[PDB]
Amino acid sequence: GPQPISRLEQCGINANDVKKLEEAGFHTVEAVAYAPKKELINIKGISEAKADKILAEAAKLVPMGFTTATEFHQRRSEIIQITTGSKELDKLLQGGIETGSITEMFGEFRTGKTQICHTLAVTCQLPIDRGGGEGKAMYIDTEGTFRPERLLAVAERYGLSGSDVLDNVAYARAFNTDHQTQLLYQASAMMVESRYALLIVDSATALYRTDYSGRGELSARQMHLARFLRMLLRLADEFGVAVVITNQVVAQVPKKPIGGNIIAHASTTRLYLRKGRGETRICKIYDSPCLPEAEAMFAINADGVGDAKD
Amino acid sequence: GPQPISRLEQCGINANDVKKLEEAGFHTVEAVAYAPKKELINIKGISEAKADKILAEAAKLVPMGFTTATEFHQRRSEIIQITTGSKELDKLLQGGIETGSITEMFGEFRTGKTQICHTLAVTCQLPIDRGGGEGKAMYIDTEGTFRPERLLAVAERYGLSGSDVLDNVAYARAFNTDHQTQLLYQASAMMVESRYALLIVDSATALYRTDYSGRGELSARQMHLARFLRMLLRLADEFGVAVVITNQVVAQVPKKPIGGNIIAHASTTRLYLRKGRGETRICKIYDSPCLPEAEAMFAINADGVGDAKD
Amino acid sequence: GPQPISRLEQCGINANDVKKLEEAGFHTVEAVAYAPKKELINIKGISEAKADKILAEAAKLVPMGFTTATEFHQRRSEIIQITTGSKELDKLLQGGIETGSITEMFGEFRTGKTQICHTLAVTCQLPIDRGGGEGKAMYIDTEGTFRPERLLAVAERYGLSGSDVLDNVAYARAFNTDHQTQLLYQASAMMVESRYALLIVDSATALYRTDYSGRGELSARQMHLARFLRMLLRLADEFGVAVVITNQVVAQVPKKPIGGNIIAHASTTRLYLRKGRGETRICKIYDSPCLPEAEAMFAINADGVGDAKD
DNA sequence: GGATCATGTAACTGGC
Ligand SMILES: Nc1ncnc2c1ncn2[C@@H]1O[C@H](COP(=O)(O)OP(=O)(O)OP(=O)(O)O)[C@@H](O)[C@H]1O
Ligand SMILES: Nc1ncnc2c1ncn2[C@@H]1O[C@H](COP(=O)(O)OP(=O)(O)OP(=O)(O)O)[C@@H](O)[C@H]1O
Ligand SMILES: Nc1ncnc2c1ncn2[C@@H]1O[C@H](COP(=O)(O)OP(=O)(O)OP(=O)(O)O)[C@@H](O)[C@H]1O
Ligand SMILES: [Ca+2]
Ligand SMILES: [Ca+2]
Ligand SMILES: [Ca+2]
Ligand SMILES: [Ca+2]
Ligand SMILES: [Ca+2]
Ligand SMILES: [Ca+2]
């Protein structure tokens, strides 16, 4: 895991400065080592003469320099992949939902974006031997569509105790794009105390359509969204968590997701879920750096996402 | 219930600013805490130096941060669900129409969308022990199809006095999509004085088809509809009311509702009502985050929506 | 290849000064001969009386003066051009990706910018007879989208041993625009020990959008980007390497790359990759000093970039 | 013993 920022005290930085960084939003040596000098200068008391030291001290602990592709490949092969609850889907994602990267599943209504985010909120608590991620879940909602009774229905399918599952899911609701980005700063706090394995934002773009209405507000909403998606990338790098965000679609004037190019570039995996028949949906890999563009065929059963009981 | 915005006076904000917010459309601390900084800046007198304070003061009263899924589940289990007037329907919706979320029932003509909205306007006044919601009703109409004589016919079935029922239903007619959105701002006013348990918009999209005619006006009508549906979500969150909106259908060129993706995403529950035989209709769950896609079989009797008297 | 800066010791400069230059960022006589007097003065110990000598001594070894266009043309005709993995693309680039110049491929998501950078990371190790570049690869990533399993899939297609290929690719991740420019200084170190044939930055502008947010920060981000792109040009001139950088696009408010004029001028070749159908993309020459503006039609197969298997 | 001037980018539905 990541080293808490209090470790920096043992290096030459007084607690007055460290406690100035924790108030800014840094609760981990990684989060400071990743930050550029410009952000440290931007703190009310962190003078230039300090930030140069803080950065040079933090870089001593974390590896910034190069490495051969072998160490990366060997380390990457040990990355956790949370099971989706569907053998057909994991066969498509080659194991499951990666961690340390941003996955985005978009699709027309009813296609089960919130349902996948609900099983993932549970299976991410399974032991690694069972495909899970061995950690708590973190569910930021922007719709009011968080239904814990759907967490129990899948918790019982996997044998876990419904009591503990509803205790290892930290829920919060965003009421506007400002609160939504603010909950991420409070998220970095909680993520250094307990171990989280999955952070969910559902939906990641639902509030941006309405908070920025005028045609002149469009360039400002994509840039506010860009910082939000970058904040999400910082949590994945620093905490080794798995970020799953949910998008919405729009008609090409056939379905095409919203958010624009800023979200299509930032996302590493895009899953396009369309409805098939009855309760069986069709997930297709829209974008990925390693998976071939293919399709699967999962379902939405009374016990969460599963396979098409045909 | 929600705290009126005058409570904010006891914190450091002068009445000149509070009375500037009430003129904007905020009559509740929640409605201010949910609003983003951008909207407060947009008021004629609320400078940046104030909005940062107003937001930071309002957030002290209402909970914005995280919480475990247990507190949510325990609190969610105590949510009110208004009876539909049909045992078969409540068995489908698992208790009745939820509050604090947007329910949408669409369907071909005659299929009883206005009739369901008429019984709901009455049963939402029943005591909670009888399945109701213990509160007044709020009926925005965009068709002229509000018939109070149908409110009496169901008021007498439930034993309530027809006099009081027609006194606890606040009716208003929208003549265009602008007036329709304007009535919501006057709705937040009335909802903080009295206690409302149900807000109805029938129909929610009937006026959008005609107010925006040209093919180039389509992107502007979906965005005006997006703000309207977001205004509806703010009332459900802030006032804990139950929003029921009515849609229309169109032929796939078999029935498919209008409004597009902006209304399908925003709605949490979509009910598809088709005609069966005689006076018996068939409600089917088109979209929901917790209910399985099933069907029921209600009817339209002389005393409102009921069960198929077979 | 380029002469290491220790060769300058055999001329009249003491090791104290040379070791002062290597700490600055010069590890090659060329890199010193190219540097202006102003930069040498800027070192903590290199007085004016030294820099004039160091420059005049370095210029004795490397050719700075004029030459006829014949020697250049004869020498230019012997420049290496790394194969893209697609016969259709090499026919467009007339042989492949040039070395000693900055190539930039931009395009909407999914269009295979990271995939091209992945095959190029492998084929640049092929012997020159097979179209490669006979050298190691250098992959600076700013997205976390470096997938070594895609390096193996193309390594096996070309018969090379997957073990050695993942040993000749030096990977590093940039977490902000400061670290990104810092990795170039550590790159000049490694490039004088081993022989590199290709340096990759993917993406070259992804971090600049977010690190500089305010409208007033725009003039400072283009200038920080200008130095970065100049650092890239110094590596191409001094080390004879091939620099391939990846850009992102934005909507004209159809696709137009970001970075502004500073990156459009600095780039010598700009390739515009759009999606065609299925797995077949379309690369078009946006800017080049010698190639006509044409298009090709490659693909993204399970073994990397290739030709459209039609 | 004794004063003085100059530049630089960025998305979005609707029957017979
Ligand atoms: N308990 C359940 N058992 C079976 N199916 C269910 C259950 N709860 C919901 N569903 C089904 O799951 C689907 C709802 O999916 P979900 O709520 O994830 O959609 P979504 O992509 O979030 O949509 P939107 O854009 O409207 O928010 C519907 O088909 C619904 O019938
Ligand atoms: N008093 C009544 N007793 C019995 N049935 C009635 C009564 N009033 C209306 N109905 C029936 O209810 C149906 C009308 O339903 P309703 O007005 O809710 O339709 P709707 O979905 O709003 O339609 P539209 O799209 O045309 O507005 C018809 O079948 C009509 O015969
Ligand atoms: N192993 C594979 N086999 C076949 N196709 C693949 C494979 N891995 C990825 N792809 C395809 O390659 C494309 C991804 O391209 P790439 O990752 O290079 O895009 P990009 O230009 O970097 O995008 P972005 O801006 O999102 O980073 C997708 O169409 C994906 O389906
Ligand atoms: Ca949802
Ligand atoms: Ca992407
Ligand atoms: Ca009606
Ligand atoms: Ca919905
Ligand atoms: Ca990429
Ligand atoms: Ca150029």
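First, a word on what this report is: a plain description of the structure on this page. (Residues numbered from 1 in each chain as written, not as in the entry; some residues may be left out. Chains lettered and ligands numbered in written order. Part of a larger assembly, values for the part shown. Heavy atoms only, no water.)

Notes on the environment of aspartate 90 of chain C
Residue and element names in this part refer to chain C. Along the chain, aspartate 90 turns up in helix α6 (residues 87–92). Relative accessible area serves as the criterion here: at 13%, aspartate 90 is assigned to the buried category. Spatially, the C-alpha atom of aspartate 90 lies 9.8 Å from that of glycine 131, the residues being 41 residues apart in sequence. Leaving out residues up to four positions away in the same chain, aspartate 90 has contacts with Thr83, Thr84, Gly85, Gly95 and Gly96. (Helix = DSSP H or I, 4+ residues; strand = E, 2+ residues; numbered from the N terminus. Buried < 20%, exposed > 50% of the residue type's maximum accessible area, 1.4 Å probe, protein only. Contact = heavy atoms within 4.5 Å.)

Examining the interface of chain B and chain A
Each partner contributes to the interface: chain B provides 34 residues, whereas chain A provides 46 residues. Summing the contributions of chain B and of chain A, the shared interface buries around 3,500 Å²; its carbon and sulfur component is 57%. Of all residues in chain B, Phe66, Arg230 and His265 of chain B bury the most surface against chain A, accounting for 22% of the area lost on that side. Counting across the interface, chain B meets chain A through 4 salt bridges. (Buried area = accessible area lost by both parts, 1.4 Å probe. Salt bridge = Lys/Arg side-chain N within 4 Å of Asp/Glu carboxyl O.)

Digging into the pattern of salt bridges
Summed over the entire model, instances satisfying the criterion amount to 50 salt bridges over all chains. Two residues, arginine 234 of chain A and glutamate 238 of chain A, come together in a salt bridge whose shortest N-O distance is 3.1 Å. Taken together, the residues span about one helical turn, with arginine 234 of chain A and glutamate 238 of chain A both in helix α12 (residues 218–239) at a distance of 4 residues. Comparing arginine 234 of chain A with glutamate 238 of chain A shows no difference in burial state: the two are buried. For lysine 50 of chain C, the salt bridge identified is with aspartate 17 of chain C, shortest N-O distance 3.3 Å. On the criterion of sequence distance, the pair formed by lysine 50 of chain C in helix α4 (residues 48–61) and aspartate 17 of chain C in helix α1 (residues 15–24) is long-range, its members being 33 residues apart. In this structure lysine 50 of chain C comes out as partly exposed when scored by relative accessible area, which is 27%.

Structural notes on the nonpolar core
Counting residues in hydrophobic clusters, the biggest one holds 39 residues, and the most contacted among them are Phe146 and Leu198 of chain A. Top element by residues in this core is helix α7 (residues 113–123) of chain A. It accounts for 5 residues. Contact partners of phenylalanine 146 of chain A, with chain neighbours within four places excluded, come to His118, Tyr139, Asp141, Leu151, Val169 and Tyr171 of chain A together with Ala69, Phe72 and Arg76 of chain B. Core analysis: the second largest hydrophobic core is formed by 38 residues, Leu92, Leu126, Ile200 and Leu271 of chain C among them. (Core = buried A, V, L, I, M, F, W, Y, C linked by side-chain atoms within 4.5 Å.)

So, the site of ligand 3
Taken together, 21 residues lie around ligand 3, and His265 of chain A together with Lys113, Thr114, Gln115 and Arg281 of chain C are the ones closest in. More than one chain approaches ligand 3, the contributing ones being chains A and C. One of the side-chain N or O atoms of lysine 113 of chain C is found 2.9 Å from an oxygen atom in ligand 3. One of the backbone N or O atoms of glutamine 115 of chain C is found 2.8 Å from an oxygen atom in ligand 3. The protein chains hide 94% of the 660 Å² of surface that ligand 3 would expose on its own. For the shell around ligand 3, the secondary structure elements donating two or more residues are α13 (261–266) of chain A together with α7 (113–123) of chain C. Broken down by element, the shell around ligand 3 gets its largest block of residues, 3 residues, from α7 of chain C. (Near = heavy atom within 4 Å. Polar contact = N/O pair within 3.5 Å; in protein donor to acceptor, adjacent residues only side chain to side chain. Areas by Shrake-Rupley, 256 points an atom, 1.4 Å probe, with all protein chains shown as cover.)

Some details on the site of ligand 2
Residues and elements named next belong to chain B. The environment of ligand 2 is made up of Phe109, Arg110, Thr111, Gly112, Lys113, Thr114, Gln115, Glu143, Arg150, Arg281, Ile300 and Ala302. Residue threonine 114 places a main-chain N or O atom 2.7 Å away from an oxygen atom belonging to ligand 2. In the model, a nitrogen atom of ligand 2 is placed 2.9 Å from a nitrogen or oxygen of the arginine 150 side chain. Considering every element that reaches the shell around ligand 2, the biggest residue donor is helix α7 (residues 113–123), with 3 residues.

Observations regarding the coordination of the calcium ion (ligand 7)
Residue and element names in this part refer to chain B. Looking at the calcium ion (ligand 7), one finds its protein donor set to be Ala264 (O), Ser267 (O) and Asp287 (OD), positioned 2.1 to 2.6 Å from the metal centre. Counting the intervening residues between successive donors of the calcium ion (ligand 7) yields the motif A-x2-S-x19-D. Between the calcium ion (ligand 7) and the calcium ion (ligand 4) the interatomic distance comes to 5.8 Å. Of the two residues, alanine 264 and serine 267, both sit in the buried class. (Donors = N, O, S within 2.8 Å, 3.2 Å for Na, K, Ca; no water.)

Description of the packing of α7 of chain C against helix α8 (residues 148–157) of chain C
Residue and element names in this part refer to chain C. Put simply, α7 and α8 touch, their axes get as near as 9 Å, and they point 55 degrees apart. Taken together, the axes of α7 and α8 lie oblique to each other. The crossing of α7 and α8 is right-handed. Touching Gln115, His118, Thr119, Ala121 and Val122 of α7 are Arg150, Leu151, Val154 and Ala155, all from α8. Looking at side-chain class alone, the contact of α7 with α8 contains 5 nonpolar, 3 polar and 1 charged residues. (Axes fitted to C-alpha atoms, helices over the stretch in contact; angles between N-to-C directions. Parallel < 35°, antiparallel > 145°, perpendicular 65-115°, else oblique. Left-handed = near helix turned anticlockwise from the far one by under 90°. Nonpolar A, V, L, I, M, F, W, Y, C, P; charged D, E, K, R; others polar.)

Overview of the interface of chain C and chain A
Listed per partner, the contact involves 44 residues of chain C and 34 residues of chain A. Across the chain C/chain A interface, buried area totals approximately 3,500 Å², and carbon plus sulfur atoms make up 57% of it. For chain C, the biggest contributors to the area lost against chain A are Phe109, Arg147 and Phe175 of chain C; these three give 20% of the whole. In this structure, the connection of chain C to chain A is made through 4 salt bridges. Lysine 38 of chain A is the salt-bridge partner of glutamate 217 of chain C, the closest N and O atoms lying 3.8 Å from each other. In this assembly, chain C and chain A are joined by 14 residue pairs in polar contact.

Remarks on the coordination of the calcium ion (ligand 8)
Residue and element names in this part refer to chain C. Distances from the calcium ion (ligand 8) to its protein donors, namely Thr114 (OG1) and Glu143 (OE), fall within the range 2.3 to 2.9 Å. Metal-to-metal, the separation of the calcium ion (ligand 8) and the calcium ion (ligand 5) is 5.8 Å. One end of the pair, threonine 114, is in helix α7; the other, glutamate 143, is in the loop between β4 (136–141) and α8, with 29 residues separating them in the sequence.

Here we look at the environment of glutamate 39 of chain C
Residue and element names in this part refer to chain C. The topology assignment puts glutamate 39 in helix α3 (residues 37–41). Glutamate 39 gets classed as partly exposed once you look at its relative accessible area, which sits at 36%. Between the C-alpha atoms of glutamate 39 and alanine 24, which are 15 residues apart in sequence, the distance is 9.5 Å.

Some details on the pairing of strand β11 (residues 280–287) of chain C
The two faces of a sheet get side chains in turn, since along a regular strand they alternate between them. Residue and element names in this part refer to chain C. In this sheet, β11 lies alongside strand β10 (residues 269–277) in antiparallel orientation, the contact comprising 7 bridges. Within β11, the residue paired with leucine 273 across the bridge is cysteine 283. Hairpin remark: β10 followed by β11, antiparallel, with 2 residues in the connecting loop; positive phi at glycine 278, about 65 degrees. Bridge count between β11 and strand β12 (residues 298–301): 2 bridges; the pairing is antiparallel. Each bridged residue has a counterpart across the sheet, and for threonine 280 the counterpart in β12 is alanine 299. (Pairing = 2+ DSSP bridges.)

Examining the packing of aromatic side chains
The description of an aromatic ring pair uses the distance of the two centres, along with the angle that the planes make with each other. Tallied over the full model, the rule gives 26 aromatic pairs over all chains. Centre to centre, the rings of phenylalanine 106 of chain B and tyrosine 272 of chain B are 5.3 Å apart; their planes meet at 20 degrees, and the pair counts as stacked. Here the two residues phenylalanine 106 of chain B and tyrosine 272 of chain B agree in accessibility, since each one is buried. Ring centres of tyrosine 208 of chain C and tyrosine 212 of chain C lie 6.3 Å apart, and the angle between their planes is 25 degrees; on these two criteria the pair is classed as stacked. Put simply, the rings of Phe72 of chain A together with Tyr139, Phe146 and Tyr171 of chain C touch in pairs and so form one group of aromatic residues. (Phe/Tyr/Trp six-rings, centres within 6.5 Å; stacked < 30°, edge-to-face > 60°.)

Some words on the pairing of β4 of chain C
Residue and element names in this part refer to chain C. Counting buried residues along β4, 6 of its 6 residues qualify, which places the element largely inside the surrounding structure. In β4, alternate side chains face the same way, and those of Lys136, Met138 and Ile140 on one face and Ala137, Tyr139 and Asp141 on the other are all buried. The pairing of β4 with strand β6 (residues 196–202) spans 6 bridges and is parallel. Bridged to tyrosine 139 within β6 is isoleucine 200. Two elements, β4 and strand β5 (residues 169–173), share 5 bridges in a ladder whose sense is parallel. Residue pairing for β5: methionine 138 is matched across the bridge by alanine 170.

What to know about the sheet that holds strand β1 (residues 67–68) of chain B
The strand order across the open sheet formed by 10 strands is β14(A)-β13(A)-β12(A)-β11(A)-β4(A)-β8(A)-β7(A)-β5(A)-β6(A)-β1(B), and the pairing between neighbours is mixed. Strand pairing shows two members of the sheet lacking a second neighbour, β14 (304–307) of chain A together with β1 of chain B, which therefore form its edges. Docked against the sheet, α7 of chain A engages β4 (102–106), β5 (136–141), β6 (169–173), β7 (196–202), β8 (242–246), β11 (269–277), β13 (298–301) and β14 of chain A, running at close to 165 degrees with respect to β7 of chain A.

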